Each structure stands twice: as C-alpha cells, then as structure tokens.
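The next block is work-v4.cif, given as mmCIF, N, CA, C and O atoms.
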data_query
#
loop_
_atom_site.label_atom_id
_atom_site.label_comp_id
_atom_site.auth_asym_id
_atom_site.auth_seq_id
_atom_site.Cartn_x
_atom_site.Cartn_y
_atom_site.Cartn_z
N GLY A 1 0.82 -1.20 0.00
CA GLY A 1 0.00 0.00 0.00
C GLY A 1 0.87 1.26 0.00
O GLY A 1 1.96 1.27 0.57
N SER A 2 0.35 2.29 -0.65
CA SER A 2 1.06 3.56 -0.73
C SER A 2 0.57 4.51 0.36
O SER A 2 0.03 5.58 0.05
N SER A 3 0.76 4.09 1.60
CA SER A 3 0.33 4.90 2.73
C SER A 3 1.15 4.53 3.97
O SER A 3 1.70 5.40 4.64
N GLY A 4 1.20 3.23 4.24
CA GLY A 4 1.94 2.73 5.39
C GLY A 4 3.39 2.41 5.01
O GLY A 4 4.32 3.04 5.50
N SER A 5 3.53 1.42 4.13
CA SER A 5 4.85 1.01 3.68
C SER A 5 5.76 0.75 4.88
O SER A 5 6.37 1.67 5.42
N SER A 6 5.81 -0.52 5.28
CA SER A 6 6.63 -0.92 6.41
C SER A 6 7.15 -2.34 6.20
O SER A 6 6.51 -3.30 6.64
N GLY A 7 8.29 -2.44 5.54
CA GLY A 7 8.90 -3.73 5.28
C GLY A 7 9.70 -4.22 6.49
O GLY A 7 9.19 -4.24 7.61
N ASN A 8 10.94 -4.60 6.22
CA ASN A 8 11.82 -5.08 7.27
C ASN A 8 13.22 -4.48 7.08
O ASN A 8 13.73 -3.80 7.97
N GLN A 9 13.79 -4.76 5.92
CA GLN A 9 15.12 -4.25 5.60
C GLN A 9 15.49 -4.61 4.16
O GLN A 9 15.39 -5.77 3.76
N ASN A 10 15.92 -3.60 3.42
CA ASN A 10 16.31 -3.79 2.04
C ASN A 10 17.82 -4.05 1.97
O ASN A 10 18.61 -3.11 1.97
N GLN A 11 18.17 -5.32 1.91
CA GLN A 11 19.56 -5.72 1.84
C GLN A 11 19.70 -7.06 1.12
O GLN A 11 19.01 -8.02 1.45
N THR A 12 20.61 -7.09 0.15
CA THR A 12 20.85 -8.30 -0.61
C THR A 12 22.14 -8.97 -0.15
O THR A 12 23.20 -8.34 -0.13
N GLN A 13 22.02 -10.24 0.19
CA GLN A 13 23.17 -11.01 0.65
C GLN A 13 24.18 -11.17 -0.48
O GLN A 13 24.03 -12.04 -1.34
N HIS A 14 25.20 -10.33 -0.45
CA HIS A 14 26.24 -10.36 -1.46
C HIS A 14 27.43 -9.51 -1.01
O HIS A 14 28.57 -9.94 -1.08
N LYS A 15 27.11 -8.30 -0.56
CA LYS A 15 28.13 -7.38 -0.09
C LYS A 15 27.68 -6.74 1.22
O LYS A 15 26.49 -6.49 1.41
N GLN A 16 28.65 -6.49 2.08
CA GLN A 16 28.37 -5.87 3.37
C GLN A 16 28.66 -4.37 3.32
O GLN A 16 29.26 -3.89 2.37
N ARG A 17 28.22 -3.68 4.36
CA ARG A 17 28.43 -2.25 4.45
C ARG A 17 27.70 -1.53 3.31
O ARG A 17 27.55 -2.09 2.22
N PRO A 18 27.26 -0.28 3.61
CA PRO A 18 26.55 0.52 2.62
C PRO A 18 27.51 1.06 1.56
O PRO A 18 28.68 0.69 1.53
N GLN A 19 26.98 1.94 0.72
CA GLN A 19 27.78 2.55 -0.33
C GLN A 19 28.41 1.46 -1.21
O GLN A 19 29.62 1.45 -1.42
N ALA A 20 27.55 0.58 -1.70
CA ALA A 20 28.01 -0.51 -2.55
C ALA A 20 26.80 -1.35 -2.98
O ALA A 20 26.89 -2.58 -3.07
N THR A 21 25.70 -0.66 -3.24
CA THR A 21 24.48 -1.33 -3.66
C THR A 21 23.79 -0.54 -4.77
O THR A 21 23.85 -0.92 -5.94
N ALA A 22 23.16 0.55 -4.37
CA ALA A 22 22.46 1.41 -5.32
C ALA A 22 23.39 2.54 -5.76
O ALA A 22 23.56 2.77 -6.95
N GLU A 23 23.97 3.21 -4.77
CA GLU A 23 24.88 4.31 -5.04
C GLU A 23 25.84 3.94 -6.18
O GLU A 23 25.88 4.61 -7.21
N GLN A 24 26.58 2.86 -5.95
CA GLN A 24 27.54 2.39 -6.94
C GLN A 24 26.96 2.54 -8.35
O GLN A 24 27.50 3.27 -9.18
N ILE A 25 25.86 1.83 -8.58
CA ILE A 25 25.20 1.87 -9.87
C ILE A 25 25.18 3.31 -10.39
O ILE A 25 25.59 3.58 -11.52
N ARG A 26 24.70 4.20 -9.53
CA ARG A 26 24.63 5.61 -9.89
C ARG A 26 26.03 6.20 -10.04
O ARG A 26 26.27 7.02 -10.93
N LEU A 27 26.92 5.75 -9.17
CA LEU A 27 28.30 6.22 -9.20
C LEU A 27 28.89 5.96 -10.59
O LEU A 27 29.25 6.90 -11.30
N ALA A 28 28.98 4.68 -10.93
CA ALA A 28 29.52 4.29 -12.22
C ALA A 28 28.75 5.00 -13.33
O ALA A 28 29.32 5.35 -14.36
N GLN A 29 27.46 5.18 -13.09
CA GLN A 29 26.60 5.84 -14.06
C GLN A 29 26.99 7.32 -14.19
O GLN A 29 26.88 7.90 -15.27
N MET A 30 27.43 7.88 -13.07
CA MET A 30 27.84 9.28 -13.05
C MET A 30 29.29 9.44 -13.50
O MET A 30 29.61 10.37 -14.24
N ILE A 31 30.12 8.52 -13.04
CA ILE A 31 31.53 8.55 -13.39
C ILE A 31 31.69 8.25 -14.88
O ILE A 31 32.66 8.68 -15.51
N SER A 32 30.72 7.51 -15.41
CA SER A 32 30.74 7.15 -16.82
C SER A 32 30.83 8.42 -17.68
O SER A 32 31.67 8.50 -18.58
N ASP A 33 29.96 9.36 -17.38
CA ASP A 33 29.93 10.62 -18.12
C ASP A 33 31.35 11.17 -18.23
O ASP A 33 31.84 11.43 -19.33
N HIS A 34 31.98 11.34 -17.08
CA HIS A 34 33.34 11.85 -17.03
C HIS A 34 34.33 10.69 -17.04
O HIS A 34 34.57 10.06 -16.01
N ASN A 35 34.88 10.44 -18.22
CA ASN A 35 35.85 9.36 -18.38
C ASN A 35 36.86 9.75 -19.46
O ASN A 35 36.67 10.72 -20.18
N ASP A 36 37.93 8.97 -19.53
CA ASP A 36 38.98 9.21 -20.50
C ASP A 36 39.61 7.88 -20.92
O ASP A 36 39.43 6.87 -20.24
N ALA A 37 40.33 7.93 -22.03
CA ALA A 37 40.99 6.74 -22.54
C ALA A 37 42.03 6.26 -21.53
O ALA A 37 42.16 5.06 -21.29
N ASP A 38 42.75 7.22 -20.97
CA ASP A 38 43.78 6.91 -20.00
C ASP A 38 43.17 6.06 -18.88
O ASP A 38 43.54 4.90 -18.71
N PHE A 39 42.26 6.67 -18.14
CA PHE A 39 41.60 5.99 -17.04
C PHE A 39 40.99 4.67 -17.51
O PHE A 39 41.11 3.65 -16.83
N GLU A 40 40.35 4.73 -18.67
CA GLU A 40 39.72 3.55 -19.23
C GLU A 40 40.72 2.39 -19.31
O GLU A 40 40.49 1.33 -18.74
N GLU A 41 41.81 2.65 -20.02
CA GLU A 41 42.85 1.64 -20.17
C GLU A 41 43.25 1.08 -18.81
O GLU A 41 43.47 -0.13 -18.68
N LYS A 42 43.34 1.97 -17.84
CA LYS A 42 43.71 1.57 -16.49
C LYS A 42 42.64 0.64 -15.92
O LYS A 42 42.94 -0.46 -15.46
N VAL A 43 41.40 1.11 -15.98
CA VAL A 43 40.28 0.34 -15.47
C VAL A 43 40.41 -1.11 -15.95
O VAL A 43 40.39 -2.04 -15.15
N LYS A 44 40.53 -1.25 -17.27
CA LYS A 44 40.67 -2.57 -17.86
C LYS A 44 41.84 -3.31 -17.21
O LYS A 44 41.74 -4.50 -16.92
N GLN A 45 42.92 -2.57 -17.00
CA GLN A 45 44.11 -3.14 -16.39
C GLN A 45 43.78 -3.67 -14.99
O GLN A 45 44.31 -4.70 -14.58
N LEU A 46 42.90 -2.96 -14.31
CA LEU A 46 42.50 -3.35 -12.97
C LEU A 46 41.75 -4.68 -13.04
O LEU A 46 42.01 -5.59 -12.25
N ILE A 47 40.83 -4.76 -13.99
CA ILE A 47 40.05 -5.97 -14.17
C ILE A 47 40.98 -7.13 -14.54
O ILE A 47 40.99 -8.16 -13.86
N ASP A 48 41.73 -6.93 -15.61
CA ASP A 48 42.66 -7.95 -16.07
C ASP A 48 43.56 -8.38 -14.90
O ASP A 48 43.81 -9.57 -14.72
N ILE A 49 44.01 -7.39 -14.15
CA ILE A 49 44.87 -7.66 -13.00
C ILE A 49 44.06 -8.36 -11.91
O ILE A 49 44.26 -9.54 -11.65
N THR A 50 43.15 -7.60 -11.31
CA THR A 50 42.31 -8.13 -10.26
C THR A 50 41.14 -8.93 -10.86
O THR A 50 41.10 -10.15 -10.74
N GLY A 51 40.23 -8.19 -11.48
CA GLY A 51 39.07 -8.81 -12.10
C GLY A 51 37.81 -8.54 -11.28
O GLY A 51 36.86 -9.33 -11.30
N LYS A 52 37.83 -7.42 -10.57
CA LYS A 52 36.70 -7.04 -9.74
C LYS A 52 35.67 -6.30 -10.60
O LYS A 52 35.97 -5.89 -11.72
N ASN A 53 34.47 -6.17 -10.05
CA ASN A 53 33.39 -5.49 -10.76
C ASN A 53 33.93 -4.21 -11.39
O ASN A 53 34.40 -3.32 -10.69
N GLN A 54 33.84 -4.15 -12.71
CA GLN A 54 34.31 -2.99 -13.44
C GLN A 54 33.97 -1.71 -12.68
O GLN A 54 34.87 -0.94 -12.31
N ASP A 55 32.68 -1.51 -12.47
CA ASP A 55 32.21 -0.33 -11.76
C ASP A 55 33.12 -0.07 -10.55
O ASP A 55 33.61 1.04 -10.37
N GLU A 56 33.30 -1.12 -9.76
CA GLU A 56 34.14 -1.02 -8.58
C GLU A 56 35.55 -0.57 -8.96
O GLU A 56 36.13 0.29 -8.30
N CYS A 57 36.06 -1.18 -10.02
CA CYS A 57 37.39 -0.85 -10.50
C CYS A 57 37.43 0.64 -10.84
O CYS A 57 38.39 1.33 -10.50
N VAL A 58 36.37 1.10 -11.49
CA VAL A 58 36.27 2.49 -11.88
C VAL A 58 36.27 3.36 -10.62
O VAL A 58 36.88 4.43 -10.60
N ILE A 59 35.57 2.88 -9.61
CA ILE A 59 35.48 3.60 -8.35
C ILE A 59 36.83 3.55 -7.63
O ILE A 59 37.38 4.58 -7.26
N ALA A 60 37.32 2.33 -7.46
CA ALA A 60 38.60 2.12 -6.80
C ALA A 60 39.65 3.04 -7.44
O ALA A 60 40.25 3.87 -6.75
N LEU A 61 39.84 2.85 -8.73
CA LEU A 61 40.81 3.65 -9.47
C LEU A 61 40.64 5.12 -9.10
O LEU A 61 41.57 5.76 -8.62
N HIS A 62 39.44 5.62 -9.34
CA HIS A 62 39.13 7.01 -9.04
C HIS A 62 39.46 7.30 -7.58
O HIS A 62 40.26 8.19 -7.28
N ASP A 63 38.82 6.54 -6.70
CA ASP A 63 39.04 6.71 -5.27
C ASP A 63 40.52 6.95 -5.01
O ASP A 63 40.88 7.88 -4.28
N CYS A 64 41.35 6.11 -5.61
CA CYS A 64 42.79 6.23 -5.45
C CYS A 64 43.22 7.59 -6.01
O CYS A 64 43.74 8.42 -5.27
N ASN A 65 43.00 7.77 -7.30
CA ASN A 65 43.36 9.01 -7.96
C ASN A 65 43.55 8.75 -9.45
O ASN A 65 43.39 9.66 -10.27
N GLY A 66 43.88 7.51 -9.77
CA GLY A 66 44.09 7.12 -11.16
C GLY A 66 45.37 6.30 -11.31
O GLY A 66 46.15 6.52 -12.23
N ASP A 67 45.55 5.37 -10.38
CA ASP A 67 46.73 4.51 -10.40
C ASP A 67 46.29 3.05 -10.25
O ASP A 67 45.79 2.65 -9.20
N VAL A 68 46.49 2.30 -11.32
CA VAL A 68 46.13 0.89 -11.33
C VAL A 68 46.74 0.21 -10.11
O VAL A 68 46.07 -0.56 -9.42
N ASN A 69 48.01 0.51 -9.87
CA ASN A 69 48.72 -0.07 -8.75
C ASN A 69 48.02 0.33 -7.45
O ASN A 69 47.52 -0.52 -6.71
N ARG A 70 48.01 1.64 -7.20
CA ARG A 70 47.38 2.16 -6.00
C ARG A 70 46.00 1.53 -5.80
O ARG A 70 45.64 1.15 -4.69
N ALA A 71 45.26 1.44 -6.90
CA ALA A 71 43.93 0.86 -6.86
C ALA A 71 44.02 -0.59 -6.36
O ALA A 71 43.39 -0.95 -5.37
N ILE A 72 44.82 -1.37 -7.08
CA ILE A 72 45.00 -2.77 -6.73
C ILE A 72 45.24 -2.89 -5.22
O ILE A 72 44.66 -3.74 -4.56
N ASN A 73 46.11 -2.01 -4.73
CA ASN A 73 46.44 -2.01 -3.31
C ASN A 73 45.15 -1.93 -2.49
O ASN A 73 45.04 -2.55 -1.44
N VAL A 74 44.20 -1.15 -3.01
CA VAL A 74 42.93 -0.98 -2.34
C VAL A 74 42.01 -2.16 -2.70
O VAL A 74 41.45 -2.81 -1.82
N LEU A 75 41.87 -2.39 -4.00
CA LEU A 75 41.03 -3.47 -4.48
C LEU A 75 41.36 -4.75 -3.71
O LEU A 75 40.48 -5.35 -3.10
N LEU A 76 42.63 -5.12 -3.76
CA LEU A 76 43.08 -6.32 -3.07
C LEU A 76 42.41 -6.39 -1.70
O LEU A 76 41.75 -7.38 -1.38
N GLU A 77 42.62 -5.34 -0.92
CA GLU A 77 42.05 -5.28 0.42
C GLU A 77 41.20 -4.01 0.57
O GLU A 77 40.01 -4.01 0.24
N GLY A 78 41.84 -2.97 1.07
CA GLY A 78 41.16 -1.70 1.27
C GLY A 78 41.28 -1.23 2.72
O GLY A 78 42.08 -1.78 3.49
N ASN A 79 40.48 -0.23 3.06
CA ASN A 79 40.49 0.31 4.41
C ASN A 79 40.12 -0.79 5.40
O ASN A 79 39.16 -1.53 5.19
N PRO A 80 40.93 -0.87 6.50
CA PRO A 80 40.70 -1.87 7.52
C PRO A 80 39.49 -1.50 8.39
O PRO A 80 39.64 -1.22 9.58
N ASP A 81 38.32 -1.50 7.76
CA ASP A 81 37.10 -1.17 8.46
C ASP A 81 37.31 0.11 9.28
O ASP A 81 37.36 0.06 10.51
N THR A 82 37.43 1.22 8.57
CA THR A 82 37.64 2.50 9.21
C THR A 82 36.31 3.25 9.36
O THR A 82 35.45 3.18 8.48
N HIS A 83 36.18 3.95 10.48
CA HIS A 83 34.96 4.70 10.75
C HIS A 83 34.81 5.81 9.71
O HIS A 83 33.91 5.76 8.87
N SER A 84 35.70 6.79 9.79
CA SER A 84 35.68 7.91 8.87
C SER A 84 37.10 8.35 8.53
O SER A 84 37.89 8.67 9.43
N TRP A 85 37.40 8.33 7.24
CA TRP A 85 38.72 8.72 6.78
C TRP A 85 38.67 8.86 5.25
O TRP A 85 38.23 7.94 4.56
N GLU A 86 39.11 10.01 4.78
CA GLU A 86 39.12 10.28 3.35
C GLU A 86 37.68 10.31 2.81
O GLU A 86 36.79 9.68 3.37
N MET A 87 37.51 11.05 1.73
CA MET A 87 36.20 11.17 1.10
C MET A 87 35.19 11.78 2.07
O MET A 87 35.28 11.58 3.28
N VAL A 88 34.24 12.52 1.50
CA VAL A 88 33.21 13.16 2.30
C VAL A 88 32.05 12.18 2.51
O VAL A 88 31.53 11.61 1.55
N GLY A 89 31.69 12.02 3.78
CA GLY A 89 30.60 11.12 4.13
C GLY A 89 29.29 11.88 4.28
O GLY A 89 29.01 12.45 5.34
N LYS A 90 28.50 11.87 3.21
CA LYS A 90 27.22 12.56 3.22
C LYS A 90 26.20 11.73 2.44
O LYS A 90 26.57 10.92 1.59
N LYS A 91 24.94 11.96 2.75
CA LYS A 91 23.86 11.25 2.09
C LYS A 91 23.08 12.22 1.20
O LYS A 91 22.97 13.40 1.51
N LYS A 92 22.55 11.68 0.11
CA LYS A 92 21.78 12.48 -0.83
C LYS A 92 20.75 11.60 -1.52
O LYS A 92 20.81 10.37 -1.43
N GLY A 93 19.82 12.25 -2.21
CA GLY A 93 18.78 11.54 -2.92
C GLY A 93 17.65 12.49 -3.34
O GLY A 93 17.46 13.53 -2.72
N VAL A 94 16.94 12.09 -4.38
CA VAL A 94 15.84 12.89 -4.89
C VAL A 94 14.51 12.26 -4.45
O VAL A 94 13.51 12.96 -4.31
N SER A 95 14.55 10.95 -4.25
CA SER A 95 13.37 10.23 -3.83
C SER A 95 13.76 8.85 -3.29
O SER A 95 13.58 8.57 -2.10
N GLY A 96 14.30 8.03 -4.18
CA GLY A 96 14.72 6.69 -3.81
C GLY A 96 15.56 6.05 -4.92
O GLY A 96 16.52 6.64 -5.39
N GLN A 97 15.15 4.85 -5.30
CA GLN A 97 15.85 4.12 -6.35
C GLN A 97 15.71 4.85 -7.68
O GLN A 97 14.68 5.47 -7.96
N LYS A 98 16.77 4.76 -8.48
CA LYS A 98 16.78 5.40 -9.78
C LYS A 98 15.78 4.69 -10.71
O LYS A 98 15.98 3.53 -11.06
N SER A 99 14.74 5.42 -11.07
CA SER A 99 13.71 4.88 -11.94
C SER A 99 12.69 4.08 -11.12
O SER A 99 13.05 3.43 -10.14
N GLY A 100 11.45 4.15 -11.56
CA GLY A 100 10.37 3.45 -10.88
C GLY A 100 9.09 4.28 -10.88
O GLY A 100 8.23 4.11 -11.74
N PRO A 101 8.99 5.18 -9.86
CA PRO A 101 7.82 6.03 -9.74
C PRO A 101 7.84 7.15 -10.78
O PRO A 101 8.36 8.24 -10.52
N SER A 102 7.27 6.85 -11.94
CA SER A 102 7.22 7.82 -13.02
C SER A 102 5.77 8.03 -13.46
O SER A 102 5.23 9.12 -13.32
N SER A 103 5.19 6.97 -14.00
CA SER A 103 3.82 7.02 -14.47
C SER A 103 3.22 5.61 -14.50
O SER A 103 3.94 4.63 -14.69
N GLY A 104 1.91 5.56 -14.31
CA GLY A 104 1.21 4.28 -14.32
C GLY A 104 0.68 3.94 -12.93
O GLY A 104 -0.52 4.01 -12.68
#
Hey, can you dump this file as structure tokens for me?
Amino acid sequence: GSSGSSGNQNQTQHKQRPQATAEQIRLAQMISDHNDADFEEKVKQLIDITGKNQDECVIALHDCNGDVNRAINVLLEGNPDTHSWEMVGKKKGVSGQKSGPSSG
C-alpha cells in the first residue's frame, strides 16, 4: 500500500556495508559521463589484473586518484574497516531508487 509502507530491511546477501548497492550503480553511471581513454585503459588493467566489478574498478581507481597499482592495493584489500577517513561522508537523494515512480 502507498500509505503505510513498512517492510523489514532492504539488503541483498552479497556485499556488506553501505555505499556498494544502489549508489555504486549511480556512481559508475555518473563517473561514466566523465571518463577518458587513460583511465579507461587503467580500469581494464584493474580488471585484467584483479578482475573485480568494473564499476568497482572504476570507483577504486578514481578513489585512489588514477593509479592501477594504487587501486590494486585498495582493491586487493582496502580500508581496515575505518569509521571515517578520506572522502566526504554525506547522504543524498531525490526520492529513492533510480527509476520506478514515473507514471502508471
């Protein structure tokens, strides 16, 4: 019903921690716009090297700054479950999931 709406929890057993479910999709979707051959070639290198979700590779690479190596260092492992460090931690949204409530 479009009045109460009270589920339990929207989480898919695959990845832990937030910022790696919907955002990502949008992230890669947003990062896609701004891309270059250089970074691209690197991204591929990350996949070929590691082989992690491209999107993630694109994020990792970027997150790093644009270093396949640096990325790998992160991709391989990453932050040791850190509370807050690097990057701005803020939430945003226009409504909810990208696409859905449009018409019908």
Point to revise | Which of region 5-93 of chain A DSSP labels alpha helix (DSSP H), written as a PyMOL selection string | key: chain A and resi 22-33+37-49+54-64+68-76
Check your understanding: Any idea what's packed within 7 Å of residue 61 (chain A), counting only N, CA, C and O atoms, ignoring anything in its chain fewer than 6 positions away? Could you give it as an MDAnalysis selection string?
Key -> chainID A and resid 43 55 67:68 70:72
May I have the residues from that selection written out with N, CA, C and O atoms, as a PDB file, in the frame of the given file?
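What ended up in result31.pdb:
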ATOM      1  N   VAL A  43      41.400   1.110 -15.980  1.00  0.00           N
ATOM      2  CA  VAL A  43      40.280   0.340 -15.470  1.00  0.00           C
ATOM      3  C   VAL A  43      40.410  -1.110 -15.950  1.00  0.00           C
ATOM      4  O   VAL A  43      40.390  -2.040 -15.150  1.00  0.00           O
ATOM      5  N   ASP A  55      32.680  -1.510 -12.470  1.00  0.00           N
ATOM      6  CA  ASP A  55      32.210  -0.330 -11.760  1.00  0.00           C
ATOM      7  C   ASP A  55      33.120  -0.070 -10.550  1.00  0.00           C
ATOM      8  O   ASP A  55      33.610   1.040 -10.370  1.00  0.00           O
ATOM      9  N   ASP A  67      45.550   5.370 -10.380  1.00  0.00           N
ATOM     10  CA  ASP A  67      46.730   4.510 -10.400  1.00  0.00           C
ATOM     11  C   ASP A  67      46.290   3.050 -10.250  1.00  0.00           C
ATOM     12  O   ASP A  67      45.790   2.650  -9.200  1.00  0.00           O
ATOM     13  N   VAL A  68      46.490   2.300 -11.320  1.00  0.00           N
ATOM     14  CA  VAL A  68      46.130   0.890 -11.330  1.00  0.00           C
ATOM     15  C   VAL A  68      46.740   0.210 -10.110  1.00  0.00           C
ATOM     16  O   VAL A  68      46.070  -0.560  -9.420  1.00  0.00           O
ATOM     17  N   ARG A  70      48.010   1.640  -7.200  1.00  0.00           N
ATOM     18  CA  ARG A  70      47.380   2.160  -6.000  1.00  0.00           C
ATOM     19  C   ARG A  70      46.000   1.530  -5.800  1.00  0.00           C
ATOM     20  O   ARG A  70      45.640   1.150  -4.690  1.00  0.00           O
ATOM     21  N   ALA A  71      45.260   1.440  -6.900  1.00  0.00           N
ATOM     22  CA  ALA A  71      43.930   0.860  -6.860  1.00  0.00           C
ATOM     23  C   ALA A  71      44.020  -0.590  -6.360  1.00  0.00           C
ATOM     24  O   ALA A  71      43.390  -0.950  -5.370  1.00  0.00           O
ATOM     25  N   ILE A  72      44.820  -1.370  -7.080  1.00  0.00           N
ATOM     26  CA  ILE A  72      45.000  -2.770  -6.730  1.00  0.00           C
ATOM     27  C   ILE A  72      45.240  -2.890  -5.220  1.00  0.00           C
ATOM     28  O   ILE A  72      44.660  -3.740  -4.560  1.00  0.00           O
TER      29      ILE A  72
END
Exercise for review: For region 94-102 of chain A, please output as a list in words all residues within 9 Å (counting only C-alpha atoms; exclusion window: fewer than 2 positions along the same chain).
Suggested key: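 After dropping sequence-adjacent residues, the list is residues 22, 26, 92 and 104 of chain A.
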Would you output that residue set with N, CA, C and O atoms, as an mmCIF file, in the coordinates of the input?
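Done, and the output landed in again.cif:
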data_model
loop_
_atom_site.group_PDB
_atom_site.id
_atom_site.type_symbol
_atom_site.label_atom_id
_atom_site.label_comp_id
_atom_site.auth_asym_id
_atom_site.auth_seq_id
_atom_site.Cartn_x
_atom_site.Cartn_y
_atom_site.Cartn_z
ATOM 1 N N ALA A 22 23.160 0.550 -4.370
ATOM 2 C CA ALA A 22 22.460 1.410 -5.320
ATOM 3 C C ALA A 22 23.390 2.540 -5.760
ATOM 4 O O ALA A 22 23.560 2.770 -6.950
ATOM 5 N N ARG A 26 24.700 4.200 -9.530
ATOM 6 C CA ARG A 26 24.630 5.610 -9.890
ATOM 7 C C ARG A 26 26.030 6.200 -10.040
ATOM 8 O O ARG A 26 26.270 7.020 -10.930
ATOM 9 N N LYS A 92 22.550 11.680 0.110
ATOM 10 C CA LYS A 92 21.780 12.480 -0.830
ATOM 11 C C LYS A 92 20.750 11.600 -1.520
ATOM 12 O O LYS A 92 20.810 10.370 -1.430
ATOM 13 N N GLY A 104 1.910 5.560 -14.310
ATOM 14 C CA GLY A 104 1.210 4.280 -14.320
ATOM 15 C C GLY A 104 0.680 3.940 -12.930
ATOM 16 O O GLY A 104 -0.520 4.010 -12.680
#
Practice item. Please provide as a VMD selection string all residues within 10 Å of residue 40 (chain A), with the sequence filter that same-chain residues fewer than 6 positions apart are discarded (counting only C-alpha atoms). Key: chain A and resid 32 46 58 61 66
Exercise for review: Take atom N of residue 56 (chain A) and atom C of residue 24 (chain A) and report the distance between them in Å, one decimal.
Suggested key: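 Interatomic distance here is 7.5 Å.
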Practice item. Starting from the shown file, work through the PyMOL selection byres (((chain A and resi 80-90 and name CA) around 12) and name CA) and note down what comes out as a ChimeraX atom specification. Key: /A:16-19,23,62-65,74,76-79,91-93
Check your understanding: So how far away is CA of residue 50 (chain A) from atom N of residue 27 (chain A), in Å?
Key -> 20.8 Å
